[PDB]
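Presented below is the structure to which this report refers.
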Amino acid sequence: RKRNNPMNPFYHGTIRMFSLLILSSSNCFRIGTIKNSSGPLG
Amino acid sequence: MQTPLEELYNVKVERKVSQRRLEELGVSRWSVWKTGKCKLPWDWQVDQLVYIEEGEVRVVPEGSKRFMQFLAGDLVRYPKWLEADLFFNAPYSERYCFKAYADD
Amino acid sequence: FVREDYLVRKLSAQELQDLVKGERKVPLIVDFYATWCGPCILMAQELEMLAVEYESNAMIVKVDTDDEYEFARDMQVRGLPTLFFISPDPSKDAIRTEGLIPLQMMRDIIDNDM
Amino acid sequence: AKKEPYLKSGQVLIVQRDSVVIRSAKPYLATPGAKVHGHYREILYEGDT
Amino acid sequence: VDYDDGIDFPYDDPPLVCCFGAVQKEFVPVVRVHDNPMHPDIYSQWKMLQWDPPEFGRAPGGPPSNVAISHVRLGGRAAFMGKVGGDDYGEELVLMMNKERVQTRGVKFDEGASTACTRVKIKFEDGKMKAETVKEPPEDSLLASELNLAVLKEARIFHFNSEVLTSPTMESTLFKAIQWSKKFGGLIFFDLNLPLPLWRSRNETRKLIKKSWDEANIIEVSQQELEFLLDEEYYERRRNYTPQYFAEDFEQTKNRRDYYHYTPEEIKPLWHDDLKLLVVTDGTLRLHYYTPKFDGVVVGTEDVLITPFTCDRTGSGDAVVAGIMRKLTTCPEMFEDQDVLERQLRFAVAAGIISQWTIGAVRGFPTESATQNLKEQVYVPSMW
């Protein structure tokens with residue numbers, strides 16, 4: 001515990017779990033009325 | 001990080017506390033804990049209100065690389081289960097009130 | 001019990017400044033080198049031979065340009081290998097030699113110019 | 001397509017308006033009677049059978 | 001300026017080239033800071049920095065005499081223009097150039113000067129030891145009256161380095177010699193080879209080299225020199241960039257060495273009207289070429305690990321420049337045909353590759369036969 005203790009402030013990749021794998025650019029790559037608009041309806 | 005340590009660790013700070021709240025809490029009838037330049041490793045397995053009138057304390061939670069700066073005249077409520085590290089660089093004296101569930 | 005394999009000592013810019021400032025009885029030969037420079041190996045061997053030849057009649061030191069690059073640039077070093085022959089007399093002027101000069105050329109400079 | 005570069009081996013990971021992102025994969029041909037060493041989705045390090 | 005010199009002659013083949021500057025033994029000029037030093041005393045470990053070199057020292061160049069010797073060994077005719085002292089070392093240097101069949105009729109002797117020796121005075125400005133030149137060496141003390149106008153008339157390519165820009169006498173003599181060479185129809189080859197002082201700051205070096213840069217028809221710079229002259233931090237950041245989520249193409253997934261080809265828009269600040277060919281060399285691995293009409297890159301290679309105990313990169317850039325001049329003097333179509341340009345630059349690539357296999361710059365300069373053999377061995381027959 002913290003009491004039994006016998007410093008001084010005054011002085012890429014994406015995780016794939018199911019076991020962990022890292023997905024990054026080393027293994028993933030890219031190949032290739034008023035006007036109606038997307039938004040809230042209330 | 002972006003969020004200050006007080007919000008992350010849920011520490012109530014009432015800096016420059018007025019006399020009304022102090023007399024409502026009955027701080028004047030609490031005991032006095034004194035210390036000089038020391039370092040107390042403590043885990044708050046219970047809530048504790050602390051009023052600092054003389055001295056300064058820098059609080060470092062377990063593992064944190066930052067500290068919460070508390071001066072004199074501030075009312076601080078250390079939450080339950082907090083594992084911090086108390087640091088003092090000067091003579092220090094405070095009034096306390098350990099609080100159980102509910103109560104105040 | 002075991003003699004050291006190398007007689008040429010490596011000095012810092014500050015140590016070389018102190019050595020030049022202080023009283024000197026024998027000529028001081030300053031070598032500027034880098035371990036990544038190919039010609040500096042042959043110059044290192046030649047200067048070891050020269051240090052063997054001049055036991056106490058000359059002082060051979062070396063400065064690494066990867067540690068004292070600004071100091072080397074201040075001393076008007078345009079490339080490697082570069083040697084500075086500093087005479088014990090402060091009135092005289094030092095000699096800078098550029099390239100893999102022969103050992104006999106070093107001997108001539110030390111004997112007839114320092 | 002005739003006017004498109006050939007696709008690389010792998011699985012389609014992201015589908016977008018005019019592009020796809022492929023997680024590269026290497027196929028291994030196996031005749032009947034071969035024995036696959038590992039369950040599905042099992043992590044294999046380099047050199048593992 | 002006013003008239004011509006000597007007697008007009010048809011002139012023999014191959015066309016003569018002139019190398020202007022100092023004749024020195026070894027003495028690589030390009031010096032920077034490297035973060036991977038070996039043992040300060042045990043020079044037997046220093047060969048490990050020859051097969052894992054600093055990037056600025058991948059294919060180091062040297063004095064113009066190295067280029068002249070390499071050019072002669074590659075089958076060309078070269079003449080050296082400079083001054084040596086009348087002592088033993090100057091005669092030794094002239095003998096070295098003579099045994100290599102380099103024309104020394106342009107070499108001027110100075111009986112009162114010590115070859116490769118400079119007089120300096122040591123001072124202690126602002127608490128740091130410094131030196132200042134008292135008497136320049138004879139290699140930096142060639143006067144415009146000491147030039148050889150027959151050589152400048154016959155030479156078809158005039159070659160010099162930026163080391164002469166560190167001496168005012170040599171700078172004035174260089175510009176007079178460039179005037180004479182351009183009068184007679186020769187081409188100006190600027191091989192930068194920035195010495196240690198000229199790496200201090202970009203703007204100072206740009207101002208120092210702008211005139212000679214604008215007086216040149218052919219320029220060869222290393223990748224480090226070009227990026228220092230344009231912007232070092234921008235390209236350093238560009239190399240260190242890594243996409244956060246996925247690569248933009250399959251080739252970006254392999255984490256291969258960066259061989260970025262600078263666009264002519266990026267080269268635009270350094271371009272001028274009389275520039276016929278700019279070559280950027282990433283050692284012998286890449287040869288980025290830029291002409292007013294087109295640009296591209298020649299893919300090369302290197303293997304110093306094939307001979308770990310004899311490899312030495314000193315003089316490789318001199319061999320590359322000598323091969324470039326050798327092919328330019330005999331193939332005028334290089335300036336106008338891109339395929340021919342790449343085919344002839346593969347010869348210089350091979351020449352640079354061989355030059356890294358021997359200890360010593362002069363000792364390891366390849367011959368034309370060996371260079372052509374290596375070129376035909378390395379490349380497929382359709383790239384010859």
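In the structure tokens, each chain is lettered A, B, ... as it comes, each chain's residues begin at 1, and ligands are numbered from 1 in order of appearance.
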
Determine, counting only C-alpha atoms, which protein, DNA and RNA residues have an atom within 7 Å of an atom of residue 313 in chain E; residues of the same chain fewer than 4 positions away are not included. Present the result as a list in words.
->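 Using only C-alpha atoms, the neighbours found are residues 50, 58, 59, 60 and 356 of chain E.
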
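Backbone DSSP over range 60-150 of chain E gives strand (DSSP E) for residues 77, 78, 79, 80, 81, 82, 83, 84, 85, 107, 108, 109, 110, 117, 118, 119, 120, 121, 122, 123, 130, 131, 132, 133, 134 and 135 of chain E.
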
With only C-alpha atoms as the counted atoms, please give the residues lying no more than 12 Å from residue 17 in chain A, apart from itself and same-chain residues fewer than 6 positions off, as a VMD selection string.
(chain A and resid 23) or (chain D and resid 41 to 43)

Export of prior selection with N, CA and C atoms as a PDB file, in the first residue's frame:
ATOM      1  N   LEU A  23      -2.126  -2.328 -36.596  1.00  0.00           N
ATOM      2  CA  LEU A  23      -2.379  -1.996 -37.990  1.00  0.00           C
ATOM      3  C   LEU A  23      -1.913  -0.572 -38.252  1.00  0.00           C
TER       4      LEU A  23
ATOM      5  N   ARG D  41      -8.052 -17.057 -37.052  1.00  0.00           N
ATOM      6  CA  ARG D  41      -7.665 -15.776 -36.468  1.00  0.00           C
ATOM      7  C   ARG D  41      -6.507 -15.909 -35.489  1.00  0.00           C
ATOM      8  N   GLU D  42      -5.761 -17.006 -35.553  1.00  0.00           N
ATOM      9  CA  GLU D  42      -4.646 -17.213 -34.643  1.00  0.00           C
ATOM     10  C   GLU D  42      -3.431 -16.418 -35.099  1.00  0.00           C
ATOM     11  N   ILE D  43      -2.721 -15.842 -34.134  1.00  0.00           N
ATOM     12  CA  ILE D  43      -1.573 -14.989 -34.423  1.00  0.00           C
ATOM     13  C   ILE D  43      -0.370 -15.870 -34.728  1.00  0.00           C
TER      14      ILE D  43
END

>> Taking only C-alpha atoms into account and nothing else, which residues of chain D lie no more than 12 Å away from chain E? Please answer as an NGL selection string.
In response: :D and (5-10 or 13-14 or 19-24)

Could you write out the selected residues, including N, CA, C and O atoms, as a compact mmCIF listing (two decimals), in the first residue's frame?
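Once everything was written out, this is result.txt:
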# COMPACT_ATOMS: atom_id res chain seq x y z
N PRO D 5 -4.98 -0.06 -62.66
CA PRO D 5 -3.90 -0.95 -62.23
C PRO D 5 -4.45 -2.18 -61.53
O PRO D 5 -5.54 -2.17 -60.95
N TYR D 6 -3.68 -3.27 -61.60
CA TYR D 6 -4.09 -4.52 -60.97
C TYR D 6 -4.15 -4.38 -59.46
O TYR D 6 -3.35 -3.67 -58.84
N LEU D 7 -5.12 -5.06 -58.86
CA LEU D 7 -5.27 -5.04 -57.41
C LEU D 7 -4.19 -5.88 -56.74
O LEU D 7 -3.69 -6.85 -57.30
N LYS D 8 -3.83 -5.48 -55.52
CA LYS D 8 -2.86 -6.21 -54.72
C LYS D 8 -3.58 -7.20 -53.82
O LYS D 8 -4.78 -7.07 -53.56
N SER D 9 -2.85 -8.21 -53.35
CA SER D 9 -3.45 -9.23 -52.51
C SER D 9 -3.75 -8.67 -51.13
O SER D 9 -2.97 -7.90 -50.56
N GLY D 10 -4.90 -9.05 -50.59
CA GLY D 10 -5.30 -8.60 -49.28
C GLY D 10 -6.81 -8.56 -49.18
O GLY D 10 -7.54 -8.94 -50.09
N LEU D 13 -10.52 -3.47 -46.39
CA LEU D 13 -10.68 -2.99 -45.03
C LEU D 13 -11.56 -1.75 -44.94
O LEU D 13 -12.41 -1.67 -44.05
N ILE D 14 -11.37 -0.79 -45.84
CA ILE D 14 -12.15 0.45 -45.85
C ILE D 14 -12.72 0.64 -47.25
O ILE D 14 -12.03 0.44 -48.25
N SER D 19 -12.21 5.04 -53.59
CA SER D 19 -11.03 4.29 -53.21
C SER D 19 -11.40 3.24 -52.18
O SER D 19 -12.46 3.30 -51.56
N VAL D 20 -10.51 2.26 -52.03
CA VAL D 20 -10.61 1.27 -50.97
C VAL D 20 -9.24 1.15 -50.31
O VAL D 20 -8.21 1.41 -50.94
N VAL D 21 -9.24 0.78 -49.03
CA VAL D 21 -8.02 0.55 -48.28
C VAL D 21 -7.90 -0.94 -48.03
O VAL D 21 -8.85 -1.57 -47.54
N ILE D 22 -6.75 -1.51 -48.37
CA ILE D 22 -6.53 -2.95 -48.34
C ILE D 22 -5.57 -3.27 -47.22
O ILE D 22 -4.49 -2.66 -47.12
N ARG D 23 -5.94 -4.22 -46.37
CA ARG D 23 -5.01 -4.81 -45.42
C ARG D 23 -4.33 -5.98 -46.12
O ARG D 23 -4.99 -6.97 -46.47
N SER D 24 -3.02 -5.87 -46.32
CA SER D 24 -2.32 -6.84 -47.15
C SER D 24 -2.35 -8.23 -46.54
O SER D 24 -2.24 -8.39 -45.32

Shell of 7 Å around residue 11 in chain C, only C-alpha atoms, local chain residues under 3 positions omitted, as a PyMOL selection string: chain C and resi 15-16+61-63

Same residues, C-alpha atoms, output as a compact mmCIF listing (two decimals), in the first residue's frame:
# COMPACT_ATOMS: atom_id res chain seq x y z
CA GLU C 15 42.58 21.73 -23.47
CA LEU C 16 44.24 22.75 -26.74
CA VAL C 61 47.99 15.94 -30.40
CA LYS C 62 44.79 15.27 -32.31
CA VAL C 63 41.39 16.97 -32.34

Quick one: residues within 8 Å of range 72-88 of chain C, only C-alpha atoms, excluding same-chain residues fewer than 2 positions away - as a count of residues only?
47

query = If you count only C-alpha atoms, which residues fall within 7 Å of range 60-73 of chain B, apart from same-chain ones fewer than 4 positions away, as a PyMOL selection string?
reply = (chain A and resi 9) or (chain B and resi 5+15-17+51-56+83-86)

Exercise. Find the residues around residue 22 in chain A up to 9 Å (only C-alpha atoms counted), leave out those fewer than 4 positions away in its own chain, and share them as a PyMOL selection string.
Key: chain A and resi 12-17
